[PDB]
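Peer 1: Please work out how this folds:
(chains A, B, C and D)
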Number of protein chains: 4
Amino acid sequence: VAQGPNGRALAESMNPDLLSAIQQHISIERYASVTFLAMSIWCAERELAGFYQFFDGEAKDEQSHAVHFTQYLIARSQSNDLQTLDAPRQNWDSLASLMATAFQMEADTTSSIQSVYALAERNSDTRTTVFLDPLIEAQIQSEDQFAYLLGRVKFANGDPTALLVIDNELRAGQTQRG
Amino acid sequence: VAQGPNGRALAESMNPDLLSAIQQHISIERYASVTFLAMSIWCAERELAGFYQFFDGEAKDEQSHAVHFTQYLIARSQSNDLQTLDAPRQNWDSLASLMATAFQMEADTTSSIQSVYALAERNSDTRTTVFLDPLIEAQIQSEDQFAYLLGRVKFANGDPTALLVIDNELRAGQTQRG
Amino acid sequence: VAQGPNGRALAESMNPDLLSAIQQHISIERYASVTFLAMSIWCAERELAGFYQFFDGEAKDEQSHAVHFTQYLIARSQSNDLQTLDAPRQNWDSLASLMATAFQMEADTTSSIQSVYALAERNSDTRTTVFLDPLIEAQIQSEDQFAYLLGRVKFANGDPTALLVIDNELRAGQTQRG
Amino acid sequence: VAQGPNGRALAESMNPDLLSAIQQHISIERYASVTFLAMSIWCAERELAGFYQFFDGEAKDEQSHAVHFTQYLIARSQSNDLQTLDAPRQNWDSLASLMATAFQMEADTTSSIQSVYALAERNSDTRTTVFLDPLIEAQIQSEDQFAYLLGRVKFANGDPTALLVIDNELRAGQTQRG
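Peer 2: Numbers count the residues shown, from 1 in each chain, chains lettered A, B, ... in the order given. Please see the structure below:
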């Protein structure tokens, strides 16, 4: 039995470029997490308590997604490499602009997984494509969700009354098309 | 065993300036209570039933805070001195202006406790600083709460529809960032 | 009513050095969190599943502690400044060495809070000393806890059998002196 | 409606090489099952009752995995071909050596599924790649599990006391990183 780079028994060697790409994706999701935290703070500073609670939960969830990747690397007997985390964006001119960044960030997270996916297919790493399949499904649902929240905020067209109504929807946990 | 000024057994003498400062603070909180009552009336006169219920509860709570101080003076075997209570402010041009007074009044209540706190530290009265510690913590939460309510009302920008929505939030007990 | 730097109503201005020190402390605890994650990975790579579960929970808890500080800055109407997060340490020669880093890191977190505490006392910021008091109490319990875990691992003296027994204690949630 | 080789109605013809590869994989998993039985016996002969119970359950589970493949062939209207089953390995010099064979056998089972997977992609048999996807996911978890058990046994370094502790973990059903 061979030994993997993290020292555990090795079921199948992983190409170094694919390992590097997975390690980079972990940073992307860790960065999405701290960005959701910054968005949570921005909303709380403006008394948008429903959006604050929603993004506080999103930050914790996105961190879980990142940790789920570190578990996979352990499972493949590969080394993790937790990287420097950049400072998140912290300033937006409007809630609509913040939601736009939130939506683009979810699409960018999906693009990153797709890039890992294509590299795994090139290497015929079927463990990794199988591992990624449900994560892509969750990204589809997240994209649908943030398009919903962005579109609903844009529909409000900056009217505070409408934004207060949407804020209360989020506090109630009404965060998706039903 | 020595006898305190209120006649009970005395654990530790209190400096007269600190007693006077505590007695004055009791008036501050009794005055904040009657001010909350006046604010409750103002809101009820304008059919803002949620704000009326919220301030009615605040008046009772602030009175409890005042009585909690009289209990401490008893506990220290010091005399209470219940003072003349001024008439509260009763007229505001807008809900936003009323909430501003409410917020400033909570900050002023905290400043008063801080003044008592600093005088107790000068006198090395550790019973009083310990007694005040949780009251300062509650003041932090009250300041955060009234900044939330003030900011949310200001966000409404005088639109009656938005103010009706916030009024219903308060009637439901949704009075804080979640 | 004055406006704080984060735009909310301001109860009491905060000295810029104290704000900066609080913002730095938030980074310390965010860094302790990612370090606990790295320690969790190290343990899982060596099949120390109890230590892995323990440190996975510690990482989430330490992140909660950091977020609790960001909430206080919001409560004081101060701006948050989420900083670049360095890469954590990821390599140790033994579990005993890892636990030593874990213990020193908790003591260093306490030293950081103490530094903020002393700066708040200099500025007579009683809101901040009151806010920090229970966090120091929790740090005392964490230090006692990690001294227990470190000492128990050191008592094992590198014997795998003893380390397996301690690993199972942690998986059961037996993480403290009773 | 056309008739498949097993006589049922045929939704889509299967390439004979892919059928042959699936039939061979069924033998691989049937052989892994009887190997787990032999490992169960080896452990029981040495009073490692926890490992005996664990491998007894593994043998039954691996047989279920094999039968799940025969069901798929029925579902595709293809003929099953239950093959001669070789005698399993039955002698090991140590528990660590037995666990090494167990881990390598799980990795080899995954390699076999991967080989079927790649042949199905060449034939554009999307029913078969979809059918195999969750089986690869379960193989990832099994590989992670047996790397855990192998590494934990190796950590014991042949000390009987440590092996007795691990034996009791398995009897309790503690067979994975938590």
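Peer 1: got the contact list for the residue located most distally from the centre of chain A?
Peer 2: Most distant residue from the mean C-alpha position of chain A: residue A:1, 35.9 Å away (Cα atoms, centre = their mean). Shown in contact with residue A:1 (Cβ atoms under 8 Å, 6 or more residues apart in numbering or on different chains): A:9-10, D:100, D:103-104, D:150. Quick note: C-beta positions are derived from backbone N, CA and C, even for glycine.
Peer 1: do residue A:72 as well
Peer 2: Going by Cβ under 8 Å, 6+ apart, the list of residues near residue A:72 reads A:22, A:131, D:140.
Peer 1: Surely the first one is in contact with residue A:68?
Peer 2: No - with contacts defined as Cβ atoms under 8 Å, residue A:22 does not count as touching residue A:68, sitting 11.5 Å away.
Peer 1: When these two are compared, which one has more neighbours?
Peer 2: Of the pair residue A:22 and residue A:68, residue A:22 is the one with more neighbours under other Cβ atoms under 10 Å in any protein chain shown, namely 25 against 13.
Peer 1: circling back to that earlier point, chain B versus the residue farthest from the centre of chain A, what's the distance?
Peer 2: As judged by Cβ to the nearest Cβ, to the nearest Å, residue A:1 and chain B stand 52 Å apart.
Peer 1: Check which residues of stretch A:151-158 are buried.
Peer 2: Buried residues in stretch A:151-158, counting neighbours by 16 or more other Cβ atoms under 10 Å in any protein chain shown, are found at A:152-153, A:156.
Peer 1: quick check, nearest of those residues to chain D?
Peer 2: Using Cβ to the nearest Cβ, the shortest approach to chain D within these belongs to residue A:152, at 34.8 Å.
Peer 1: and the helix or strand harbouring that closest one, anywhere near chain D?
Peer 2: Using DSSP states H and E, residue A:152 falls within helix A:126-156. Yes - Helix A:126-156 lies within reach of chain D by Cβ under 8 Å from any Cβ of the partner chain, at A:126-127, A:130-131, A:133.
Peer 1: Pull out the buried residues from the residues you listed.
Peer 2: A:126-127, A:130-131.
Peer 1: Would you reformat the residues you listed as JSON lines and include distance to residue D:167?
Peer 2: Output for those, formatted as JSON lines (distance: Cβ to Cβ, whole Å):
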{"residue": "A:126", "distance to residue D:167": "35"}
{"residue": "A:127", "distance to residue D:167": "30"}
{"residue": "A:130", "distance to residue D:167": "33"}
{"residue": "A:131", "distance to residue D:167": "32"}
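Peer 1: Which of these sits closest to residue D:161?
Peer 2: Nearest to residue D:161 among those, counting by Cβ to Cβ, is residue A:127 at 36.1 Å.
Peer 1: Now the closest one: closest residue in space that isn't a chain neighbour?
Peer 2: residue D:140 (5.5 Å; Cβ to Cβ, 6 or more residues apart in numbering or on different chains).
Peer 1: How about residue A:95?
Peer 2: Sequence neighbours aside, residue A:153 is the residue nearest to residue A:95 in space, at 5.7 Å (criterion: Cβ to Cβ, 6+ apart).
Peer 1: Also residue A:65?
Peer 2: Nearest to residue A:65 is residue A:29, by Cβ to Cβ, 6+ apart, at 5.1 Å.
Peer 1: re the thing from before, name all residues that make contact with the residue nearest to residue A:127.
Peer 2: Shown in contact with residue D:140 (Cβ under 8 Å, 6+ apart): A:72, A:75-76, A:127, A:130-131, D:110.
Peer 1: quick check, nearest of those residues to chain B?
Peer 2: Looking across those and measuring by Cβ to the nearest Cβ, the closest to chain B is residue A:72, at 33.6 Å.
Peer 1: Let me know the secondary structure of that closest one.
Peer 2: helix (DSSP: H, G, I helix; E, B strand; the rest coil).
Peer 1: Please see if stretch A:164-178 touches chain C.
Peer 2: No - interface with chain C: stretch A:164-178 contributes nothing (Cβ under 8 Å from any Cβ), its closest point being 16.0 Å away.
Peer 1: What about the residue of chain A found nearest chain C, how many residues nearby?
Peer 2: Going by Cβ to the nearest Cβ, chain C is nearest to residue A:85 of chain A, at 3.8 Å. Number of residues near residue A:85 (other Cβ under 10 Å) recorded here: 20.
Peer 1: Not counting sequence-adjacent ones, nearest residue to it?
Peer 2: In space, residue A:85 is closest to residue C:85, 3.8 Å off (Cβ to Cβ, 6+ apart).
Peer 1: on contacts alone, who are the packing partners of the helix or strand encompassing residue A:96?
Peer 2: Residue A:96 belongs to helix A:95-122 when assigned by DSSP H and E. Packing partners of helix A:95-122 (3 or more Cβ pairs under 8 Å, 6 or more residues apart in numbering or on different chains; DSSP states H and E): helix A:16-45, helix A:126-156.
Peer 1: Can you pull the residues of chain A lying near chain C?
Peer 2: Counting by Cβ under 8 Å from any Cβ, chain A sits next to chain C at A:6-8, A:34, A:37-38, A:41, A:44-47, A:56, A:60, A:63, A:67, A:70-71, A:74, A:80-88, A:90.
Peer 1: Counting neighbours, which of those end up buried?
Peer 2: When the residues of chain A next to chain C are checked for burial by 16+ other Cβ under 10 Å, the buried set is A:6, A:8, A:34, A:37-38, A:41, A:44-47, A:56, A:60, A:63, A:67, A:70-71, A:74, A:80-83, A:85, A:88.
Peer 1: isn't residue A:49 right up against residue A:171?
Peer 2: Yes - with contacts counted by Cβ under 8 Å, residue A:49 reaches residue A:171, the gap being 6.1 Å.
Peer 1: Now list whatever residues contact both of those two.
Peer 2: Residues touching both residue A:49 and residue A:171 by Cβ under 8 Å, 6+ apart: residue B:178.
Peer 1: Next one: stretch A:162-178, is it in contact with chain B?
Peer 2: Yes - Stretch A:162-178 reaches chain B (Cβ under 8 Å from any Cβ) through A:163-165, A:168, A:171.
Peer 1: Present these as JSON lines; the columns should include neighbour count and secondary structure.
Peer 2: Below are the residues of stretch A:162-178 next to chain B laid out as JSON lines (neighbours: other Cβ atoms under 10 Å in any protein chain shown; DSSP: H, G, I helix; E, B strand; the rest coil):
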{"residue": "A:163", "neighbour count": "23", "secondary structure": "helix"}
{"residue": "A:164", "neighbour count": "24", "secondary structure": "helix"}
{"residue": "A:165", "neighbour count": "16", "secondary structure": "helix"}
{"residue": "A:168", "neighbour count": "18", "secondary structure": "helix"}
{"residue": "A:171", "neighbour count": "20", "secondary structure": "helix"}
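Peer 1: and of those residues, the nearest to chain D?
Peer 2: Using Cβ to the nearest Cβ, the residues of stretch A:162-178 next to chain B come closest to chain D at residue A:171, 34.0 Å.
Peer 1: This completes my enquiry, with thanks.
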